[PDB]
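Note: ideal-geometry Cβ built from the backbone for every residue, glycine included; neighbour counts use all protein chains shown. Coordinate-derived values only; no laboratory data.
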There are 2 protein chains.
Amino acid sequence: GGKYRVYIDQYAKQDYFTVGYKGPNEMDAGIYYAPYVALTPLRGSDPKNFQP
Amino acid sequence: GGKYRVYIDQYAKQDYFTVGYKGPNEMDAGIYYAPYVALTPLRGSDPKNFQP
């Protein structure tokens, strides 16, 4: 209707919908996801055999 | 004689010679040496004592 952003949960198990609110702010969000560290790569090798 | 390419087997086991044929077209080889990976260096150190 030009009002609700509709998203498809491609892994839904049965059949349902959830209506929710999100404001212009981040504090006004219901649930928070607050990344501190993300996808930090770690690298080395096992020196015994040098495989990465 | 201007005809045979003579090489010295610096590690010959007894005392002999081998006469062989090698054509201008490498397919006319008898035996083929076909390198794929040439001396890839590996590096590392063991973190328990840090020796390289």
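Brief remarks follow.
- Any hit, region A:11-18, residues being surrounded by 10 or more Cβ atoms within 10 Å (Cβ to Cβ), part of a loop (DSSP other than H, G, I, E, B) and either of a type in the set (A, V, I, L, M) or in contact (Cβ under 8 Å) with a residue 12 or more places away in the chain (or both): no
- Qualifying residues in region A:27-52 (those that are surrounded by 10 or more Cβ atoms within 10 Å (Cβ to Cβ) and either more than 14 Å from chain B (Cβ to nearest Cβ) or not in a loop (DSSP other than H, G, I, E, B) (or both)) - the one farthest from the chain's Cα centre (by Cα): A:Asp46
- Number of the condition not met by A:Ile8 [criteria: (1) within 14 Å of chain B (Cβ to nearest Cβ); (2) over 30 Å from B:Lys48 (Cα atoms); (3) among the hydrophobic types (A, V, I, L, M, F, W, C)]: (1)
- Sole residue being within 29 Å of A:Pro47 (Cα to Cα) and among the hydrophobic types (A, V, I, L, M, F, W, C), chosen from B:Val37, B:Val19: B:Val37
- Test: residue in region A:40-50 that is among the aromatic types (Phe, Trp, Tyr) and within 30 Å of B:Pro41 (Cα to Cα): yes
- Screening A:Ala38 against (1) within 30 Å of B:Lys48 (Cα to Cα); (2) of a type in the set (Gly, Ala, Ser); (3) in contact with a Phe, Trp or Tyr (Cβ under 9 Å, 6 or more places away or on another chain) leaves a single unmet condition, (3).
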